[PDB]
């Protein structure tokens, strides 16, 4: 077919220009991808009238007697619009430029990092315990292995008793650990944005103390971005990350002043190269000795987190997290929003979602009657659960869940009203975690990174490109993440190009 031959020899021309020299016969997948893209993008660029002429040209119908190749105006759109754009995507360094929070990723070793100064965060939820022994052994082992360097731990003394405070200070002097009290930082000596983060973290820990929705993992999320806690150059790690066998040089360099942990998952696409989905995480964050460039990134991260704390209702409306969409449409949330008039603390919301899982009537009224029936019985109980919510029949609804425990033969959950609380609390985790992760945690933080590589065709792992650094993900992997730049590893996200 004439049109086929043109698309094929056009494909082959493009392949030879974007593929490593000598490796064109290893790029059969890219060849299939270029051909497929040339065809789709051309049709997507033609008018209906031009699409109808091509159909007649391929069939050899209409003004045509035999199957013909493209009309010249079709060939121009192909050669001048379609082919040059696909070339740019495969082969142009400009297409690989990544700009995060107003700063380019250098393809150079532009920013220095101290790999030996490490810090973690532990905010205790029990004023008598300053740190669980399980966590203590992790830090102790990490501190000894991070020698000769420094190992710091961020804590909050207002969350501990005098006994716990003295014993933490004592444990640390004995274990080469510097302790950083966030309640001991003069916020007037500190940047406006650092002041905001620290205040926000204290309020979270304060609401935790009063059991009014606060959360220590959220406070840990905040303080990692605080400039004064980061100091001259440091790497945040989660307290449970293993140290590597061989350490990397005490100084390393990369092309961005803030290195998150990153990877990608590959799904095979058959004859065509694999789709690649990047994963971003804050279990490991390296910060540069360049403090002016780092200030630009961490303040941007902070301002955006603060934006979400200041407009909870708006961001929950706008989230595409499906657990937040379930929450957004629950009767409980709608009543919660009309009572607060849309103006509420994130902590107030968490507290409300926590109280929903306290008894059956709460759970029934908050997440609806239809859900209750489907979770613990069938649709047919709907009219009865609706009238039970409306008359606050606590006992009925406990009985129905108790009935669910025996029918589905749930022997880790007693039929005591306490056993119901246990069962409800096991469900809370899935509607509660996004009220930490989507505001202060990795998904919220990673927004800036995801935006930076957005508005494009779905990334792919093109094995044999002449110019890898035209692909944003390849720029990210080599110049914008901790991979190769830290003495720690993690299972929390895939490795790069993990199958």
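Numbering follows the first chain given and starts at 1.
Which is higher in the entry, the mean Cα B factor of 474-482 or that of 8-16?
-> Per the PDB record, 8-16.
Which is higher in the entry, the mean Cα B factor of 416-424 or that of 206-214?
-> Going by the record's values, the stretch with the higher mean is 416-424.
Select one of 390, 125, 99, 151: the residue whose C-alpha shows the highest B-factor in the crystal structure entry.
-> Going by the entry's C-alpha B-factors, 390 comes out highest.
Report the option among 261, 117, 321, 254 whose CA atom has the maximum B-factor in the deposited record.
-> Highest C-alpha B-factor among the listed options: 321.
Third assignment of residue 29 from its chain's C-alpha B-factors | For residue 29, the deposited C-alpha B-factor lands in the middle third.
Based on the entry's values, in what third of the chain does the Cα temperature factor of residue 463 lie: lowest, middle or highest?
-> Middle third - that is where residue 463 ends up once the chain's C-alpha B-factors are sorted.
Grab the CA temperature factor for residue 175 from the record and place it in the lowest, middle or highest third of its chain.
-> Within its chain, residue 175 is a highest-third residue by C-alpha B-factor, going by the deposited values.
Compared with the other modelled residues in the chain, in which third is the CA B-factor of residue 456?
-> Tercile = highest for this residue's CA B-factor.
Could you say whether, by C-alpha temperature factor, residue 35 belongs to the lowest, middle or highest third of its chain?
-> It belongs to the lowest third of the chain when residues are ordered by C-alpha B-factor.
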